[PDB]
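Here the structure comes first, spelled out in structure tokens, and everything after it is commentary.
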Amino acid sequence: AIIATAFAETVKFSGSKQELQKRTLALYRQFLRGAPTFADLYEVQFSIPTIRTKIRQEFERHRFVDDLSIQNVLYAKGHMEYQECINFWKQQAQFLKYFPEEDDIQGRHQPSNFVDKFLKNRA
Amino acid sequence: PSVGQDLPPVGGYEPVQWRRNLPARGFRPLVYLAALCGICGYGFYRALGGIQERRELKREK
Amino acid sequence: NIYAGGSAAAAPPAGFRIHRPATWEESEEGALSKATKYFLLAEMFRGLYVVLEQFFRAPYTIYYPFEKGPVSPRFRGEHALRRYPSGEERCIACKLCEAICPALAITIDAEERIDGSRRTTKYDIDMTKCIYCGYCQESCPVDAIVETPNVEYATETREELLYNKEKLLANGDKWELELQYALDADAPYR
Amino acid sequence: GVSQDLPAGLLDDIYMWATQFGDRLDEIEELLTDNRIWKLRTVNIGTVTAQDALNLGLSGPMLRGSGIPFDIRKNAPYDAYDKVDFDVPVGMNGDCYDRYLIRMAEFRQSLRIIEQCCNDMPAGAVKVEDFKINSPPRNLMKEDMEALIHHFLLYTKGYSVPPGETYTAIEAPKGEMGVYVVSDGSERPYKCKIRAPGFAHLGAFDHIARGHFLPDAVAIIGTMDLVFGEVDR
Amino acid sequence: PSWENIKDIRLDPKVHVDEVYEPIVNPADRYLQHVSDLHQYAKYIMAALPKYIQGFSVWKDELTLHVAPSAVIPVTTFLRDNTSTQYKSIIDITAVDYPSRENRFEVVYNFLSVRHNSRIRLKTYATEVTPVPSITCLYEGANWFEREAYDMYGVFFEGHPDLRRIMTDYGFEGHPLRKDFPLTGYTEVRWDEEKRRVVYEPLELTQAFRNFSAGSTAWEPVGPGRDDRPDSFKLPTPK
Amino acid sequence: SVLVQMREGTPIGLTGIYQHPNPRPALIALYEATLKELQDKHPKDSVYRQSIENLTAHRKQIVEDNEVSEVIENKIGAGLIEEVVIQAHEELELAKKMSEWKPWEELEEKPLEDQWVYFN
Amino acid sequence: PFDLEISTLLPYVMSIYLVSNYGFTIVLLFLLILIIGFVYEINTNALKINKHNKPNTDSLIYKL
Amino acid sequence: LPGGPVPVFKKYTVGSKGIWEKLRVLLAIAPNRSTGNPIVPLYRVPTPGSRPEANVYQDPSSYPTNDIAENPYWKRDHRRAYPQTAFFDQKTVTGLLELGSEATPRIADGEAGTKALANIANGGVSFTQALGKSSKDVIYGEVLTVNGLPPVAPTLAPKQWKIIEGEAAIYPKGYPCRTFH
Ligand SMILES: CCCCCCCCCCCCCCCCCC(=O)OC[C@H](COP(=O)(O)OCCN)OC(=O)CCCCCCCCCCCCCCCCC
Ligand SMILES: CCCCCCCCCCCC(=O)OC[C@H](COP(=O)(O)OCC[N+](C)(C)C)OC(=O)CCCCCCCCCCC
Ligand code: SF4
Ligand code: SF4
């Protein structure tokens, strides 16, 4: 038959927000635990704490989503991303998409006020 | 109408060969076995004759 | 008759059940003949002989670029812009080639020429976008844009493959005679 | 239809190629069909049962090797396949060797059909004779006003297709090739999904290859007859 | 008896037709009786599963059943396992985006019965948050198709054992076959020498895409058509 | 118990399906079981029940009237007798699942009015 | 072991005439003993890699 | 048996002459086999760019489509006579069950028929009450077959298979590949 792969979870839409909260915290634990494996697979310059910080920021972004269906989709996609990272299916190039700040300073001029944005036609 | 079109011959083309054509060749297997036996036996005759004559040369030396 | 959940065409054909496989004891060939075939590799030797027969046949190779493979009047190679026998350009900037182009490889600009003619001021083909389908040549109402039979125009830089109007007109001037052979052979079929 | 008519000397040349292609096939069969090493690599390799073949979405040889006589050319005839005579090869072991034999027999049946087409090619038009669908011939386009208008419109806007949808399938060389096209009544298809037989075959790989050795996997890939432009479209 | 004297086929007398005769026939006509049969067949199915079959449609030789998502498993089971249907092969699963509908996505299943030499189509609907029941339990071949449908459209399939992207790049954001996804996407790649790696950046095109669909016709092109319904499937008129 | 499918023995021409030793009793048993399931769990009014009853009765009559497998499979018209046994088993399992699904009822999800609107 | 068996015959082929009939008998006994070990290896299927996964051959039975 | 072996001198391939032909016939696995090299004077000659037929080719057409005097376009406009897609929801089929059909009516005239059509079109009768109310005659004629059986999944063109055995088969008896016609 056609069997599932490493760290594959069948898609199940949780009927309750608490039963989803359990699964979500388990996924967060999985990510935090895989951080050192990630740093080894993807030959990263930065530290393991930086990876774990990034993971926290990712999970933080959806801290206030209310609709159960949306949380279900966010969870299923987050698990897909975990499976992609832990199996080394990603290359370094796509993994480093998650760490834009880790790259060096892009230049002297990142405008913040109106006048600087207006001088670069970005007002 | 139809002028200058590529068309088939009035009688058609002669049939082409499309069925498998791999005819059996060679003597029956036992003929090859008999030939192998004969070759090996003649070779053994010669080799043993040579060994025996070599032994008599050894005696002379 | 009347079928339930079936039909005559879903009935098994006559003889669909296969015959039982024969056992070893019901074999026509004696074990010594089979062993002869087995140990002396009979069919392998037949295969070797078939390969050896080829060794004495004429090879198929041609000595490019001193010889050339077959080319037909319909062949789609590098693009050119053609003229009338007077020397006037044939393209009148209808932009049908640009509209039909499946790869959006053609970019055209036009306006009225100082003599009043409708003519292009810009005709570009991105040869690295083009798929060499020949749709532009089919679409053109005046046989202006054509594909020559030329395939030997590889370049060392990509910038050389962005053809502007001067390059395409020069190609037309260069290849007009071969273009005329191809047209004389295939125009009735278009 | 087709975009242009056949050139003048083509049927004769196809016939002369056909008179020798049979020998060309015989010599390949001399190298392969009875070779004991070929059989060691193909017999009982990549076995699929008939029921599992149906359940996995396999088609073409991948299906006919398991003993099921299905072929769209005979079951749902299209363009001229009803007018020509040919046979359909069906396997029984559902393995790579049966599929090889099927493909070699299909060579011969195609040669048969090509000869019948060389003998029965009729006269007339090669595209539909409505200039609202296909472009008119060039000498009409440069002489007749309606023809020029229709040519202009076909090459700039395209014809409009009545709204609706279809799934259409043919017996492509690698199995059943289908398209599901949805028309919204405009000149551009609303939706177009391609059903590639190689997609379903590669999907079935994990079921078929389990428990084999790695070279058996190479042989199974070869028996599926995969081209990857088909696979990922 | 040598190839040196093989006869020249190039000079054999060819056939010459004076006029070609091709009668005028509507292609749809050949379907009429079959259309009737499909109607009858669909009536039976709807009479047998009235809990499930929202409706059916018939176009020339293609029969479609329309069902709610929760109906998918029973009806499919019926289609696979009933003696008069026996649709053992799954042909394809895809989605179609209809942004005007409250449920964006219609999920389309095509099935083949080699037993009866017959095809059938089944439709249901879904949104970006409401999943569909996976039919992998009934057809193993469905597996990859549902994955493609998830990758291209974002439709989820409940019960799918291993549901992940199959076509797009790892970490690809978006579902490209949605009508609101732009043709060239949002991001492009290049090789970066400073970083020594392939990098992703916001899309920038040396030549912008030119969309010529602005030249679509200002006149309705085809009209209404004609109806091919059999008389046994039209409501009677009083008197 | 009923022997549905042999998975070894004499191959018949379809991979994975082998010759059934005693197929007519297997057919009769499976047909009895499905008629019993319909009579005990399906409404006498339901169209599903009428159709499956009449079909099963027809096939059972054909099996009981005929001793020879090839005659039977020509009259049934749905493949070799092994495939007919597999079909009867499939129909029985479908009938038992139908008892729980209850398809004779009114439909539970009506479509919204916009749901099935195309471009015509 | 098989390599050592083969290489132990070198003294025999270099001394065959000198030991002629007695040594011929002895070398036959030696070969037969080693062939018993070859027999053990062949009958135990010691060098066969068995494909762990095999097609299921169980019948399908339904409890009616 | 058509398709059978044809001699090598009937194949458009170069081959050998003289003493070498005798040698090849003595040494070939299969003497009737061609070499595969096309005969240069015969093959693809004249070249496609110098065909005489090009100067006589005319656009081909068929009667009556090419007639100048009796074909209005709208009589052969098949694109605009396309079949409409017929959609049936359960209300329509309810109406078919109760009121019968245009082919075989079971409706009364006057206001009665229009009001019956209206009250099925509003929701008065459900599909299941429609089915339960339906008589044996309706159920057998118009849902099942006249024998009470269900209709089978229909086929546009039924295919009767035949198995070719013996000499006309593609492979001989041993091979695990049969010939279906
Ligand atoms: C009749 C009485 C006989 C008395 C005893 C015989 C005396 C010795 C005879 C000398 C030849 C013996 C050596 C060859 C024996 C080969 C036997 C064989 O077929 O091996 C088969 C083996 C698979 O094993 P098995 O299970 O038995 O096969 C059943 C498959 N369903 O799979 C294989 O290994 C395939 C065979 C291997 C072939 C190797 C090919 C490599 C190169 C081919 C050399 C050909 C000649 C090259 C020279 C050019 C020609 C001039
Ligand atoms: C198991 C094996 C049984 C074989 C029985 C065959 C006997 C046939 C009679 C012919 C002998 C003969 O008459 O020729 C005698 C030959 C050569 O000796 P010579 O110099 O010519 O005789 C003169 C005696 N002097 C020297 C004292 C003066 O001696 C041989 O060794 C040849 C035997 C034939 C080869 C048999 C080998 C069989 C294959 C073995 C593969 C394992
Ligand atoms: S050949 Fe095709 S792709 Fe190239 S410019 Fe012409 S129309 Fe465009
Ligand atoms: S090349 Fe031809 S089609 Fe293109 S703009 Fe010029 S005239 Fe029009």
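Going through the structure tokens in order, the chains are called A, B, and so on, while each chain numbers its residues from 1 and the ligands are numbered from 1 in the order shown.
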
Subject >> Within 9 Å of chain E: residues of chain D, using only C-alpha atoms, as a ChimeraX atom specification >> reply: /D:9,12,51-58,68-70,75-76,122-125,156-162,164-167,176,178,182,185-188,191,193,195,199-201,203-204,232

**OP:** May I ask you to extract the residues of chain C within 12 Å of chain E, using only C-alpha atoms, and to give them as a PyMOL selection string?
**Re:** chain C and resi 3-12+96+98-107+126+129

Original post:
Do you know which residues are within 12 Å of ligand 3 using only C-alpha atoms and all ligand atoms? Can you write them as a ChimeraX atom specification?
Top reply: /C:75-81,95-108,123-140,144-148,162-163,168 /D:155

**OP:** Kindly compile the residues surrounding ligand 1 within 10 Å, counting only C-alpha atoms and all ligand atoms, and format them as an MDAnalysis selection string.
**Re:** (chainID B and resid 29:30 32:34 36:37) or (chainID C and resid 31:42 44:45 47:49 52) or (chainID D and resid 35:40 43)

Output file for the residues above (C-alpha atoms, as an mmCIF file, in the first residue's frame):
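Generated output (out-v4.cif):
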```
data_model
loop_
_atom_site.group_PDB
_atom_site.id
_atom_site.type_symbol
_atom_site.label_atom_id
_atom_site.label_comp_id
_atom_site.auth_asym_id
_atom_site.auth_seq_id
_atom_site.Cartn_x
_atom_site.Cartn_y
_atom_site.Cartn_z
ATOM 1 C CA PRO B 29 21.268 -29.642 -28.309
ATOM 2 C CA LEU B 30 22.501 -33.239 -28.146
ATOM 3 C CA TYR B 32 26.446 -29.884 -29.498
ATOM 4 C CA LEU B 33 26.853 -32.123 -26.451
ATOM 5 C CA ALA B 34 28.242 -34.916 -28.651
ATOM 6 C CA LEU B 36 31.818 -31.250 -26.985
ATOM 7 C CA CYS B 37 32.374 -34.825 -25.804
ATOM 8 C CA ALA C 31 16.622 -33.305 -19.202
ATOM 9 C CA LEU C 32 19.907 -33.728 -21.087
ATOM 10 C CA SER C 33 18.876 -31.384 -23.914
ATOM 11 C CA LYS C 34 17.678 -28.832 -21.370
ATOM 12 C CA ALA C 35 20.948 -29.162 -19.450
ATOM 13 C CA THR C 36 22.886 -28.660 -22.687
ATOM 14 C CA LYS C 37 20.957 -25.445 -23.333
ATOM 15 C CA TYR C 38 21.464 -24.443 -19.698
ATOM 16 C CA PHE C 39 25.216 -25.011 -19.407
ATOM 17 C CA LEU C 40 26.249 -23.940 -22.919
ATOM 18 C CA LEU C 41 24.257 -20.648 -22.892
ATOM 19 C CA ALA C 42 22.537 -21.220 -26.238
ATOM 20 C CA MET C 44 23.197 -15.921 -25.057
ATOM 21 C CA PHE C 45 25.320 -17.133 -27.974
ATOM 22 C CA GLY C 47 22.426 -12.780 -28.932
ATOM 23 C CA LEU C 48 26.185 -12.383 -29.299
ATOM 24 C CA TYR C 49 25.919 -13.487 -32.926
ATOM 25 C CA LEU C 52 28.377 -9.397 -34.243
ATOM 26 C CA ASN D 35 17.916 -13.637 -22.654
ATOM 27 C CA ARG D 36 18.110 -15.339 -19.267
ATOM 28 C CA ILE D 37 19.708 -12.252 -17.674
ATOM 29 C CA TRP D 38 16.880 -10.054 -18.999
ATOM 30 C CA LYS D 39 14.422 -12.503 -17.427
ATOM 31 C CA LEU D 40 16.365 -12.441 -14.153
ATOM 32 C CA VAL D 43 10.355 -11.804 -14.207
#
```

Sorted by chain and rising residue number, list the residues of chain D at most 8 Å from chain G (counting only C-alpha atoms), each with its closest atom pair and distance in Å to one decimal, as CSV.
```
residue,atom,partner,partner_atom,distance
D:210,CA,G:53,CA,7.2
D:211,CA,G:53,CA,4.7
D:212,CA,G:51,CA,6.8
D:213,CA,G:51,CA,7.9
```

Please determine the contact residues of chain H with respect to chain F at a cut-off of 9 Å, counting only C-alpha atoms, and supply them as a compact mmCIF listing (two decimals) with N, CA and C atoms, in the first residue's frame.
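selection.txt was written with the following content:
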```
# COMPACT_ATOMS: atom_id res chain seq x y z
N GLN H 84 -27.25 21.72 -24.58
CA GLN H 84 -27.28 22.31 -23.25
C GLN H 84 -27.02 21.23 -22.20
N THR H 85 -26.34 21.63 -21.12
CA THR H 85 -26.17 20.74 -19.98
C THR H 85 -27.46 20.71 -19.17
N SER H 126 -42.08 16.20 -0.84
CA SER H 126 -40.66 15.93 -0.81
C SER H 126 -40.35 14.74 -1.72
N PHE H 127 -39.06 14.55 -1.98
CA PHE H 127 -38.63 13.46 -2.85
C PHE H 127 -38.99 12.11 -2.25
N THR H 128 -38.86 11.96 -0.94
CA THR H 128 -39.09 10.67 -0.31
C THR H 128 -40.58 10.32 -0.22
N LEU H 131 -41.37 9.16 -3.53
CA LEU H 131 -40.97 7.79 -3.83
C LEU H 131 -41.89 6.78 -3.15
N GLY H 132 -42.28 7.06 -1.91
CA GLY H 132 -43.20 6.17 -1.21
C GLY H 132 -44.57 6.13 -1.85
N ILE H 139 -42.55 2.68 -10.35
CA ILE H 139 -41.24 2.29 -9.85
C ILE H 139 -40.56 1.32 -10.81
N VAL H 143 -38.09 3.98 -12.62
CA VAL H 143 -36.94 4.02 -11.72
C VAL H 143 -36.05 2.80 -11.93
N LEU H 144 -36.63 1.61 -11.84
CA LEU H 144 -35.96 0.38 -12.19
C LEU H 144 -36.31 0.01 -13.62
N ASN H 147 -38.41 -5.21 -15.49
CA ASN H 147 -38.29 -6.45 -14.73
C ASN H 147 -37.97 -6.22 -13.26
N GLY H 148 -37.86 -4.97 -12.82
CA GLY H 148 -37.50 -4.67 -11.45
C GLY H 148 -36.02 -4.55 -11.18
N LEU H 149 -35.17 -4.84 -12.15
CA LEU H 149 -33.74 -4.75 -11.94
C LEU H 149 -33.27 -3.30 -12.03
N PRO H 150 -32.14 -2.98 -11.41
CA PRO H 150 -31.55 -1.66 -11.63
C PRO H 150 -30.92 -1.58 -13.00
```

Original post:
atom CA of residue 67 of chain A and atom CA of residue 150 of chain E, how far apart in Å?
Top reply: 20.9 Å

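Selecting chain G residues within 12 Å of chain F and counting only C-alpha atoms yields residues 55, 56, 57, 58, 59, 60, 61, 62, 63 and 64 of chain G.
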